[PDB]
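Enquirer: Let me give you the structure first, and then I'll get to my questions.
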Amino acid sequence: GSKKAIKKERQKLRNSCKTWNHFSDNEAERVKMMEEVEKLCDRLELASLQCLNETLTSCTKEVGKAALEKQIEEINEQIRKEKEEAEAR
């Protein structure tokens, strides 16, 4: 039904993401990413969330940030696909 494992991973991924983002005051950029990460937590399986975490923990900060954003956007699209059906019924 619900697992806190995804929340733990989200807390790790989000925290790591901010620390390895750019340490800039541009929070708006991270806001969209955070909104998408929130969506990941809401419907994405933790297995996928873990995969993204591994990538950003397997790459440098810039690579991990770019890779994480690219992966998060792809996941967001997948969430949107689920949302579309969810909205349908």
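Here's how to read the names in the structure tokens: chain A, B, ... by the order shown, residue numbers from 1 in each chain, ligand numbers from 1 in the order shown.
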Which of chain A counts as helix (DSSP H, G or I) under DSSP, as number ranges by chain please?
Expert: A: 5-19, 27-43, 46-56, 61-88
Enquirer: Can you write out the residues you just picked, keeping C-alpha atoms, as a PDB file, in the first residue's frame?
Expert:
ATOM      1  CA  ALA A   5      11.407   3.301   1.739  1.00  0.00           C
ATOM      2  CA  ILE A   6      10.497   5.599  -1.132  1.00  0.00           C
ATOM      3  CA  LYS A   7      10.258   8.504   1.308  1.00  0.00           C
ATOM      4  CA  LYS A   8      13.682   7.674   2.709  1.00  0.00           C
ATOM      5  CA  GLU A   9      15.073   7.460  -0.804  1.00  0.00           C
ATOM      6  CA  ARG A  10      13.332  10.717  -1.711  1.00  0.00           C
ATOM      7  CA  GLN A  11      14.830  12.436   1.330  1.00  0.00           C
ATOM      8  CA  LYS A  12      18.229  11.132   0.318  1.00  0.00           C
ATOM      9  CA  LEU A  13      17.855  11.915  -3.367  1.00  0.00           C
ATOM     10  CA  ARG A  14      16.359  15.370  -2.797  1.00  0.00           C
ATOM     11  CA  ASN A  15      18.909  16.281  -0.136  1.00  0.00           C
ATOM     12  CA  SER A  16      21.761  14.988  -2.282  1.00  0.00           C
ATOM     13  CA  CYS A  17      20.316  16.738  -5.313  1.00  0.00           C
ATOM     14  CA  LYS A  18      20.294  20.139  -3.631  1.00  0.00           C
ATOM     15  CA  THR A  19      23.791  19.687  -2.219  1.00  0.00           C
ATOM     16  CA  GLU A  27      15.668  27.789  -6.205  1.00  0.00           C
ATOM     17  CA  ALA A  28      13.037  28.068  -8.948  1.00  0.00           C
ATOM     18  CA  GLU A  29      14.999  25.640 -11.099  1.00  0.00           C
ATOM     19  CA  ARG A  30      15.107  23.144  -8.259  1.00  0.00           C
ATOM     20  CA  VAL A  31      11.441  23.880  -7.534  1.00  0.00           C
ATOM     21  CA  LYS A  32      10.331  22.284 -10.796  1.00  0.00           C
ATOM     22  CA  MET A  33      12.664  19.371 -10.150  1.00  0.00           C
ATOM     23  CA  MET A  34      11.313  19.095  -6.600  1.00  0.00           C
ATOM     24  CA  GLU A  35       7.759  19.107  -7.916  1.00  0.00           C
ATOM     25  CA  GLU A  36       8.707  16.260 -10.223  1.00  0.00           C
ATOM     26  CA  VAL A  37      10.500  14.420  -7.404  1.00  0.00           C
ATOM     27  CA  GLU A  38       7.365  14.828  -5.303  1.00  0.00           C
ATOM     28  CA  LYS A  39       5.442  13.231  -8.141  1.00  0.00           C
ATOM     29  CA  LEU A  40       7.994  10.407  -8.184  1.00  0.00           C
ATOM     30  CA  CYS A  41       7.415   9.786  -4.506  1.00  0.00           C
ATOM     31  CA  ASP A  42       3.648   9.867  -4.956  1.00  0.00           C
ATOM     32  CA  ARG A  43       3.309   7.228  -7.718  1.00  0.00           C
ATOM     33  CA  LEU A  46      10.942   3.089  -5.192  1.00  0.00           C
ATOM     34  CA  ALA A  47      12.878   0.747  -7.476  1.00  0.00           C
ATOM     35  CA  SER A  48      12.945   3.466 -10.135  1.00  0.00           C
ATOM     36  CA  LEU A  49      13.617   6.157  -7.544  1.00  0.00           C
ATOM     37  CA  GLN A  50      16.544   4.102  -6.274  1.00  0.00           C
ATOM     38  CA  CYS A  51      17.878   3.817  -9.821  1.00  0.00           C
ATOM     39  CA  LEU A  52      17.959   7.598 -10.166  1.00  0.00           C
ATOM     40  CA  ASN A  53      19.634   7.869  -6.764  1.00  0.00           C
ATOM     41  CA  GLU A  54      22.284   5.379  -7.812  1.00  0.00           C
ATOM     42  CA  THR A  55      23.037   7.362 -10.964  1.00  0.00           C
ATOM     43  CA  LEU A  56      23.499  10.605  -9.055  1.00  0.00           C
ATOM     44  CA  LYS A  61      27.841  16.509  -9.067  1.00  0.00           C
ATOM     45  CA  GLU A  62      27.369  18.144 -12.482  1.00  0.00           C
ATOM     46  CA  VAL A  63      26.840  14.865 -14.297  1.00  0.00           C
ATOM     47  CA  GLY A  64      24.628  13.602 -11.491  1.00  0.00           C
ATOM     48  CA  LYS A  65      22.635  16.824 -11.548  1.00  0.00           C
ATOM     49  CA  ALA A  66      22.143  16.798 -15.299  1.00  0.00           C
ATOM     50  CA  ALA A  67      21.498  13.073 -15.345  1.00  0.00           C
ATOM     51  CA  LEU A  68      19.099  13.376 -12.440  1.00  0.00           C
ATOM     52  CA  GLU A  69      17.170  16.170 -14.123  1.00  0.00           C
ATOM     53  CA  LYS A  70      17.029  14.245 -17.385  1.00  0.00           C
ATOM     54  CA  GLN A  71      15.970  11.067 -15.599  1.00  0.00           C
ATOM     55  CA  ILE A  72      13.465  12.904 -13.400  1.00  0.00           C
ATOM     56  CA  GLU A  73      11.864  14.507 -16.435  1.00  0.00           C
ATOM     57  CA  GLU A  74      11.580  11.108 -18.123  1.00  0.00           C
ATOM     58  CA  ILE A  75      10.040   9.704 -14.957  1.00  0.00           C
ATOM     59  CA  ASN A  76       7.689  12.670 -14.758  1.00  0.00           C
ATOM     60  CA  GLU A  77       6.514  11.802 -18.262  1.00  0.00           C
ATOM     61  CA  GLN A  78       5.859   8.242 -17.092  1.00  0.00           C
ATOM     62  CA  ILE A  79       3.947   9.636 -14.117  1.00  0.00           C
ATOM     63  CA  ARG A  80       1.970  11.816 -16.518  1.00  0.00           C
ATOM     64  CA  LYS A  81       1.089   8.707 -18.516  1.00  0.00           C
ATOM     65  CA  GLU A  82      -0.241   7.092 -15.343  1.00  0.00           C
ATOM     66  CA  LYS A  83      -1.971  10.339 -14.453  1.00  0.00           C
ATOM     67  CA  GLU A  84      -3.658  10.407 -17.841  1.00  0.00           C
ATOM     68  CA  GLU A  85      -5.202   6.973 -17.232  1.00  0.00           C
ATOM     69  CA  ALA A  86      -5.838   7.899 -13.604  1.00  0.00           C
ATOM     70  CA  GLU A  87      -7.649  11.026 -14.774  1.00  0.00           C
ATOM     71  CA  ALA A  88      -9.531   8.940 -17.308  1.00  0.00           C
TER      72      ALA A  88
END
